Structures are given as C-alpha cells and as structure tokens.
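Novice: Got a structure here, written out as structure tokens. Questions coming.
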Amino acid sequence: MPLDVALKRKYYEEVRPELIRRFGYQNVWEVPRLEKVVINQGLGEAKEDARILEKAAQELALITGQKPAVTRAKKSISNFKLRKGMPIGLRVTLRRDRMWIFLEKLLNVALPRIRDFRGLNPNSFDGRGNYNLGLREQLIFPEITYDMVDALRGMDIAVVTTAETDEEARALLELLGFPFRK
Amino acid sequence: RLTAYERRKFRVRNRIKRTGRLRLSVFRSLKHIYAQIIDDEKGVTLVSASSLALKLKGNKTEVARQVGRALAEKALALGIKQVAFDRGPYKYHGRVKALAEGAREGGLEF
Amino acid sequence: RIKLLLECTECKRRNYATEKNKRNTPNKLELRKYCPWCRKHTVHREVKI
Amino acid sequence: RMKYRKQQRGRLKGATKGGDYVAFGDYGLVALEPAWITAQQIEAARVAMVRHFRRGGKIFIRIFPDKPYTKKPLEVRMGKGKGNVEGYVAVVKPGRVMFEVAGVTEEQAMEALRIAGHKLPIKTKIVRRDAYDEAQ
RNA sequence: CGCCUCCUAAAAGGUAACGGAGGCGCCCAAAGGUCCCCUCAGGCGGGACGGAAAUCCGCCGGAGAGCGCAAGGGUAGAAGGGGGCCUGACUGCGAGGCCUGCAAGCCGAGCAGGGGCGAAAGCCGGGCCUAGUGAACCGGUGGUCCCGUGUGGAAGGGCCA
RNA sequence: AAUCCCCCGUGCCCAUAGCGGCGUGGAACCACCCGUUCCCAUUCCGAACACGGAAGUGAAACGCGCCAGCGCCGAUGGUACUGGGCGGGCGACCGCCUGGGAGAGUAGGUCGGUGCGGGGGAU
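Chains as they are written, first to last, in the UniProt record's numbering: chain A, 1 to 182; chain B, 3 to 112; chain C, 6 to 54; chain D, 6 to 141.
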C-alpha cells in the first residue's frame with residue numbers, strides 16, 4: 001500500500017525529467033505534469049435514497065475518503081424536461097498526493113481488472129490534455145465484496161493537468177500510467 | 003477576469019463607501035507585504051509603512067505584527083492626530099490580522 | 006383565515022407590543038423577542054394569541 | 006401575402022417617406038406616391054410578373070405584408086374595441102425600391118411591371134441600376 | 001366600474017377614448033439583521049448509471065441567465081448564489097422635501113432610550129424596489145388606572161394598543 | 001531630503017486603458033514557488049483562503065514596446081428632422097423664407113494619459 005505510494009512517487013518523479021528534456025527544452029516545467037484530481041460518479045437519480053445512496057457512501061469512502069447519505073432524486077429527472085435545483089452533487093475533489101498514490105493504485109494497479117478490461121480507447125483526454133476516461137464499471141473489489149448487488153458502476157474521474165496540448169499530455173500519462181491502444 | 007479582479011474591486015468599492023476618513027492599504031505575502039496610508043483621493047497619501055527592513059522571515063507572522071505596530075506609531079505621529087481604518091486582501095488572522103494589531107498599537111499608544 | 010392568521014406579541018406580563026404575522030410553515034412555534042416599554046427594552050417574549 | 010406569426014394585433018396610421026432605393030438585379034419597380042398596399046394586390050403583381058415571364062425564371066421581392074388593417078365591425082355602428090383583424094399589407098410611401106428579377110432581358114420585363122403596378126395602386130416609376138452603392 | 005406595470009403623455013411633468021396590452025385584493029416565520037465567502041445562462045471540446053437536457057473535467061462570455069408573484073425600472077462596481085451569528089418587521093421621534101386643492105399616500109439625515117452583525121471605519125426603526133388596500137360611525141378585547149353626574153365604590157365610562 | 005528613471009502599490013478618466021499576435025524581466029521587484037506542527041481554511045484537498053520559509057524559476061498571474069485582424073473611436077463635409085413665419089394645392093400632401101441641424105455613410109483614429117504613498121533606479 002504505502003508501497004505503491006513510494007511507487008507513483010518515483011514513476012513520475014523520474015519519468016518527468018526523463019521525457020521532460022527528452023523533448024521539452026523549455027525549463028523542466030509542467031511540460032507536462034499532472035495536478036489534483038476530482039472524481040465524479042453516476043448521479044443521485046441513480047438513487048433508491050437510503051439504500052444505493054448509502055452504497056455510494058461505502059464506495060466514495062474506501063475509494064478515496066468521502067461516503068454518501070440519503071437524497072438522490074430532487075427536482076427529479078422526472079419526465080424529460082422536468083427538473084429543478086440540483087441536490088445531487090456527489091464527487092471527490094481531493095487535491096494532491098493522496099491523488100498520486102491514486103494515479104498509482106487506480107491506473108497502474110487496477111486498470112485491467114474485470115470483464116475484458118482491456119483498454120483500446122482513442123484520444124483519451126484530448127480535451128486539452130487534462131484527463132478523460134472514467135470506466136463504466138467499478139474496480140470491482142478495489143476493496144469490498146457484496147455490499148450491494150448492483151451497488152455501483154457509473155464511475156468516472158478527471159485530473160487537473162498542465163500537460164497542455166495533447167501529443168504532450170500523451171507523453172505524460174502515456175508512459176506515466178499507460179496509454180490504452182490506438 | 004471580472005472574477006478574481008472583482009475579489010479585488012469588491013473589497014474595493016465596499017471599503018470605499020465606508021467613510022471615517024482614512025484607510026491604510028496592507029498587502030499580504032512576504033517581501034511583497036507593506037502598507038501605505040490614504041484618505042479621500044484628495045490626491046495625498048500620509049506615510050509609508052515598512053521599507054523591507056527585514057527582521058525575521060521566519061515563522062514570523064510576527065515579521066508582520068512588528069512591521070505593523072511599527073507603521074502603527076509611524077503614522078501615529080507621522081501625521082499628527084486622526085482616526086479611521088483600512089483595506090486588507092483578507093480576514094484578520096494571519097498576515098493581515100497582523101497589520102491589524104500593528105495598526106492596533108499604532109492607535110492604542112501604550 | 007388562510008394559512009395567514011394574525012397574532013401579536015405581549016411580554017412577561019409587563020407589557021404587549023403587537024404586529025400580525027401568519028400561520029403557514031412552523032405554525033405555532035411562537036417565542037420570538039421584541040422589547041416592550043417595560044424597563045429599558047427587555048426580552049418581551051412575543052407569543053400572545 | 007405573408008406577415009405570418011406576427012406578434013401583435015394592430016398598428017396605427019400616418020405616412021411620409023422612408024428608405025428604399027438600391028437595385029438588386031436590374032429589373033426594378035419603384036413606387037413613388039403611395040402608402041400601404043394590399044399584401045394581396047401585391048401578390049397580384051407577383052403573379053402578373055411570374056406569368057408573363059415565360060412562367061419560370063424567378064423574380065425577387067421588395068416590401069412585405071407588414072401591417073393589419075381593420076374595418077372592424079362588418080358595417081355596424083362604431084365603438085368596437087376597434088378589434089378585428091382583416092387586411093394585411095405593405096407600408097411603402099416615398100418612391101420605394103421594389104425589386105423584381107427573372108431574366109426577361111427587355112421591355113418584356115417592362116410590360117411585366119407595366120401591368121403589375123399600372124395595376125397595383127399608385128403613381129409610380131420603374132428602371133434599373135443607376136448609381137451603384139458602396140457598403141462596408 | 002380599486003390598485004401596479006407598458007404604449008398613446010407628442011420627448012418636463014402630465015391628459016381622455018366602449019383606445020391597446022396585462023397582472024393583484026398572496027405573503028416570505030424566516031427571501032426580516034449584519035459579518036465572512038462565492039459569482040450567470042448559454043457556446044464549444046472531453047467524459048460513469050449518460051446518453052436532445054443531469055454529474056464532472058477542460059476552455060469561451062456589455063452579464064442576454066437572476067431577484068415568490070405581471071410589466072417596467074434597475075441592476076452580478078450582484079439587490080444575485082452559500083455559511084455564521086441575530087432581532088430595530090424597535091418605542092419616543094423627526095428637520096426637511098416627493099406629488100395633492102380636500103384627505104390621502106410617499107422620501108428621510110439626524111437627537112434619545114435599546115439593543116445586534118464586526119474588533120472595529122459603520123449597516124439595522126422588514127424585505128431589491130413601483131400593486132397584497134378601505135374614512136366615519138358602531139361595537140370587542142389586552143390596558144390604563146383619567147372621569148364618575150352629593151361621597152365612598154360602580155354600572156358605566158375618557159386616551160393607549 | 002526634495003532632479004528625471006526603474007518600478008510595488010493605489011488613485012481620476014468607462015472600452016484608442018480590449019481582444020488577440022511577436023518580444024521581452026527578476027539583480028533588485030514580485031509571482032508562482034517549498035512545506036505545514038503553528039493562525040487559520042476548503043460542506044473534497046491550505047485548491048482559495050492560510051499558516052509555516054533557504055531554495056528553483058520566471059512557465060504561469062505579470063509590466064513596457066512593436067503589431068490595428070476583430071473589435072472601440074467613429075470629422076469635414078451631406079441628407080433626413082425641425083424650432084418660427086409664408087406660400088403652392090379640394091387631396092392624402094407638396095413646396096418657399098429664417099436660426100438649430102444626429103444617424104449611418106469613405107476619413108481616419110488606438111493598441112491608454114495620468115492623480116499620490118512610496119523600494120527605491122542615476123555623486
């Protein structure tokens with residue numbers, strides 16, 4: 001555990017200067033590093049309120065620190081254009097290091113893990129070189145067992161990077177955490 | 003744009019309406035910091051706080067409290083006798099709480 | 006008569022001040038505050054139906 | 006006519022001058038001493054032209070079915086909310102740039118207009134492109 | 001057939017019409033105080049349960065989203081979005097003005113007692129404002145403790161709320 | 001002490017103080033920066049705010065200068081309008097005399113000018 005902690009620490013610390021000058025030649029800047037990572041998941045309407053809301057709890061929890069209560073369908077998805085406020089903001093905006101043992105554990109230690117979990121995804125982030133890819137099925141047992149039949153699945157996170165333009169960002173998490181195929 | 007700039011222009015305009023005659027403009031950060039006194043944009047500006055006469059960049063929000071109390075008396079007499087308040091890029095607990103107490107003695111005079 | 010009914014404040018037997026008010030949401034709950042001419046200001050209380 | 010999906014019920018009345026002039030193809034019909042002109046009458050001309058022109062190569066446009074004219078009642082005595090919507094049309098008054106093409110190549114177009122408007126409803130004149138026009 | 005808003009009042013203001021249009025005769029116990037923070041819709045690009053439209057990431061933007069309620073004014077230099085603590089949505093009152101012939105209705109610095117939001121420079125005598133309104137009589141109730149038809153009291157009654 | 005100059009602030013002027021394009025500075029500014037027990041802080045993270053300091057860099061916020069593409073400014077003329085007096089027409093309406101006389105429309109215009117405190121920049 002703190003094992004893979006020291007791990008990401010190194011992966012990146014070195015890889016960084018590595019490609020850093022390999023191609024950069026700017027001034028070893030965020031050319032192209034990664035900072036803070038928010039994570040978001042399958043909106044409250046995915047609710048049952050008490051039940052799967054508390055499950056969202058368990059999960060958000062053991063995953064990175066924060067676990068769901070009972071309120072996930074207000075101003076309701078209702079019928080099509082039928083919705084009011086937005087009291088279903090269930091996400092983790094944790095900011096740094098924790099995040100890195102995470103890049104670790106998460107990408108590099110749980111990446112392929114369950115049903116054909118391959119990863120042959122085109123322009124992963126591409127929306128400015130900052131993230132993109134959230135997976136559509138939990139890291140199954142990134143911990144816990146049957147603590148809810150359907151429990152959870154709509155999973156998707158995002159990193160705040162500086163890997164500016166893509167090709168660059170690409171160098172970045174490509175060698176840093178694995179670039180899923182063509 | 004309008005965002006952070008406003009953080010600014012807001013403490014601004016409110017501060018401004020405020021009117022008990024003068025305001026000192028503290029300024030957060032290390033060597034950055036320094037506070038100058040002003041009144042009505044008559045055009046004038048009383049005295050200048052602390053020329054970077056470093057006393058302890060250390061764990062010294064006290065580098066602060068000091069430069070402050072300093073400016074406190076500095077103006078205190080610098081400009082004979084008066085009463086008002088000031089700006090602040092933030093709440094009064096750190097750097098700024100500091101310039102505060104500085105001023106604080108500035109007026110307290112004991 | 007609607008969820009809008011009129012009450013008024015009176016204070017610890019030492020005065021009564023007035024003002025209308027409502028019925029809706031927290032209904033009865035009626036302490037409040039106010040100050041009578043009793044003493045110089047004073048709690049008052051409010052309630053009084 | 007066409008003054009579809011309006012927005013209000015009625016206008017009012019006045020008249021005096023405006024801003025029609027240019028060219029837009031070189032087959033032009035310009036009003037001169039009018040006011041409002043029935044969206045219909047209008048279509049009239051439209052027809053006249055369209056038909057004359059060996060019945061095909063398109064003409065263009067000009068004014069619009071603009072306002073809602075009301076004779077209100079039907080013939081009553083007067084005091085209705087002045088309500089009633091009824092005849093819709095153009096509001097062109099100082100010799101206006103009325104623009105109609107086709108590819109007549111000639112006094113043929115001429116005729117087309119000739120009747121169209123001779124018809125329509127006023128003292129008016131016609132021509133082509135006479136002093137270009139420069140915009141930004 | 002009372003009131004608010006817009007047009008026509010034609011540029012001060014201000015005016016009919018069986019002239020155009022269109023709302024209100026609620027409340028909001030906390031949209032009432034103040035201190036501290038924040039800051040739109042929508043466009044685009046990238047994304048779990050999506051999947052025209054949530055939720056999150058990445059840019060873009062005289063602010064056209066917003067403010068119970070209609071319009072209009074305003075206006076995110078927020079009146080707007082969030083947190084803390086609290087009653088002044090105080091009594092005594094006001095100088096001096098808006099409009100108005102009547103009565104109306106309406107604007108208010110500042111002095112007093114008295115508190116509440118900051119440490120304070122100060123804001124708070126309801127709300128973001130322009131409609132939610134009704135003389136006079138009559139009578140009720142909570143006072144008060146002024147009057148009483150010889151005097152003591154009292155039916156009853158004067159001013160307050 | 002009291003000259004201009006570099007500025008860090010902090011003031012009047014509402015877009016020629018804008019967008020954006022090329023450049024460029026840290027010596028000293030100042031920014032990001034380091035880390036967090038301690039002030040005090042994020043309904044998640046000191047992200048911001050904050051505390052706690054050598055460094056490293058000047059990427060990022062950042063200040064001038066060149067660039068007018070968008071945007072902003074937007075005259076001279078010129079017409080419409082019309083204050084007032086008179087005509088011409090049954091007419092809707094036209095026209096004449098005497099002062100005021102925007103708009104848009106080529107000009108061409110700009111990539112701020114400056115109030116004050118001051119580290120200080122040049123015996």
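The beta carbon of each residue, even a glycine, is placed where N, CA and C say it ideally should be.
Exposed or buried, what is C/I54 when buried is set at 16 or more other beta-carbons lying within 10 Å of its beta-carbon?
Specialist: Flag for C/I54 reads exposed.
Novice: Ignoring anything shorter than 4 residues, give me the alpha helix (DSSP H) runs that lie fully in the segment 23-60 of chain D, in order along the chain.
Specialist: 44-57, all fully within the segment 23-60 of chain D.
Novice: Ends of the alpha helix (DSSP H) at A/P17?
Specialist: Counting along the chain, the alpha helix (DSSP H) containing A/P17 begins and ends at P2 to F23.
Novice: Taking 8 Å as the threshold (C-beta atoms), are A/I39 and A/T71 in contact?
Specialist: Their beta carbons are not under 8 Å apart, which means A/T71 does not touch A/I39 by this criterion.
Novice: How many angstroms separate the CA atom of B/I40 from the CA atom of B/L48?
Specialist: Roughly 6 Å separates the two Cα atoms.
Novice: Taking its Cβ as the centre, do 16 or more other Cβ atoms sit within 10 Å of A/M99, making it buried, or is it exposed?
Specialist: Classification of A/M99: buried, given that the 10 Å Cβ count is 16 or more.
Novice: What residue ranges within the segment 21-51 of chain A form continuous beta strand (DSSP E) runs of no fewer than 3 residues, ordered along the chain?
Specialist: List check, beta strand (DSSP E) in window: 34-41.
Novice: Using DSSP's beta-bridge definition, name the partner residues of D/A136.
Specialist: Answer is none; D/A136 lacks a bridge partner.
Novice: Check whether the segment 92-103 of chain D and the segment 36-45 of chain D are in contact - that is, three or more C-beta pairs closer than 8 Å.
Specialist: Contact holds: three or more Cβ-Cβ distances are below 8 Å.
Novice: For the beta strand (DSSP E) holding C/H49, just list the boundary residues, first then last.
Specialist: Where C/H49 is concerned, the enclosing beta strand (DSSP E) stretches over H49 to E51.
Novice: Buried or exposed: B/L26, going by 16 or more other Cβ atoms within 10 Å of its Cβ?
Specialist: Per the 10 Å Cβ criterion, buried.
Novice: How many whole angstroms separate the CB atoms of D/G92 and D/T43, which I take to be in contact at a CB cut-off of 8 Å?
Specialist: About 6 Å; that satisfies the 8 Å criterion.
Novice: Are there 16 or more other CB atoms within 10 angstroms of the CB of D/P70, so buried, or fewer, so exposed?
Specialist: The residue in question, D/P70, is buried, as its Cβ has 16 or more Cβ neighbours within 10 Å.
Novice: Are D/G61 and D/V132 close, meaning C-beta to C-beta below 8 Å?
Specialist: Contact flag unset, no.
Novice: Return the residue from the list A/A56, A/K36, A/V37 and A/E35 that minimises the CA-CA distance to A/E45.
Specialist: Nearest C-alpha to A/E45: A/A56.
Novice: Starting from the Cα of A/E30, find the closest Cα among A/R96, A/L172 and A/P179 and give me that residue.
Specialist: Selected option, being the one with the closest Cα: A/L172.
Novice: So B/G108 and B/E75 are supposed to be a Cβ contact under 8 Å. How far apart are they, rounded?
Specialist: The Cβ separation is near 6 Å, so the contact holds.
Novice: By a C-beta neighbour count over all protein chains shown, 10 Å radius and 16 as the cutoff for buried, is D/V94 buried or exposed?
Specialist: So D/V94 ends up on the buried side.
Novice: Taking DSSP as the reference, what is the three-state secondary structure of D/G92?
Specialist: In this structure, D/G92 counts as strand in the three-state DSSP scheme.
Novice: Among residues of its own chain, excluding the 5 on either side of D/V109, which ones have a beta-carbon nearer than 7 Å to its beta-carbon?
Specialist: For D/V109, where only same-chain residues beyond five positions count, the Cβ hits under 7 Å are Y32, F58 and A117.
Novice: How long is the line joining the alpha carbons of B/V14 and B/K99, rounded to whole angstroms?
Specialist: So the alpha carbons of these two residues sit roughly 18 Å apart.
Novice: Check the C-beta distance from A/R136 over to A/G154 and give it rounded, since I have them as a contact under 8 Å.
Specialist: With a Cβ gap of about 7 Å, A/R136 and A/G154 count as contacting.
Novice: If contacts are defined as beta-carbon pairs under 8 Å, then A/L120 and A/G177 qualify, I think. What distance do you get, rounded to the angstrom?
Specialist: Contact doesn't hold; Cβ gap of about 16 Å is too wide.
Novice: Following the continuous alpha helix (DSSP H) through A/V160, name the residue where it begins and the one where it ends.
Specialist: Where A/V160 is concerned, there is no enclosing alpha helix (DSSP H), although the beta strand (DSSP E) it sits in stretches over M155 to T161.
Novice: Can you give, in chain order, each stretch of the alpha helix (DSSP H) that sits fully within the segment 63-112 of chain B and has at least 4 residues?
Specialist: For the segment 63-112 of chain B, whole alpha helix (DSSP H) runs of length 4 or above, ordered along the chain, are 63-80 and 97-110.
Novice: If you scan the segment 62-137 of chain A from start to end, which runs of the alpha helix (DSSP H) of 4 or more residues do you find wholly inside it?
Specialist: Whole alpha helix (DSSP H) segments, 4+ residues: 97-102.
Novice: Leaving aside the five residues before and after A/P87 along the sequence, list all residues of the same chain whose C-beta is less than 8 Å from its C-beta, in chain order.
Specialist: These residues qualify, in order along the chain: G44, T71, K74 and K75.
Novice: What is the rounded straight-line gap between the Cα of A/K47 and the Cα of A/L53?
Specialist: Their Cα atoms are separated by approximately 6 Å.
Novice: Could you pull the DSSP bridge partners for D/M103 from this structure?
Specialist: Answer by DSSP bridge pairing, in chain order: D/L34.
Novice: Compute the distance between the beta-carbons of D/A50 and D/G122, then report whether it is under 8 Å.
Specialist: Closer than 8 Å, so yes.
Novice: Nearest to A/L62 by alpha carbon, out of A/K8, A/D147 and A/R181?
Specialist: That would be A/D147, whose Cα lies nearest to the Cα of A/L62.
Novice: Given this structure, state the Cα-to-Cα distance separating B/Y7 from B/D88, to the nearest angstrom.
Specialist: Each residue's alpha carbon lies about 19 Å from the other.
Novice: Three or more C-beta pairs closer than 8 Å, one from the segment 20-37 of chain C and one from the segment 54-71 of chain B: is that the case here?
Specialist: Short answer: they don't touch.
Novice: Just reading off the beta strand (DSSP E) that A/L176 is part of, what are its end residues?
Specialist: First-last for A/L176: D166 to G177, but that is the alpha helix (DSSP H), not the beta strand (DSSP E).
Novice: Pick out whichever of D/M115, D/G19, D/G30 and D/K18 has its Cα sitting closest to the Cα of D/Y137.
Specialist: Cα-wise, what sits closest to D/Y137 is D/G30.
Novice: Tell me the residue span of the alpha helix (DSSP H) that contains B/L4.
Specialist: Residues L4 to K19.
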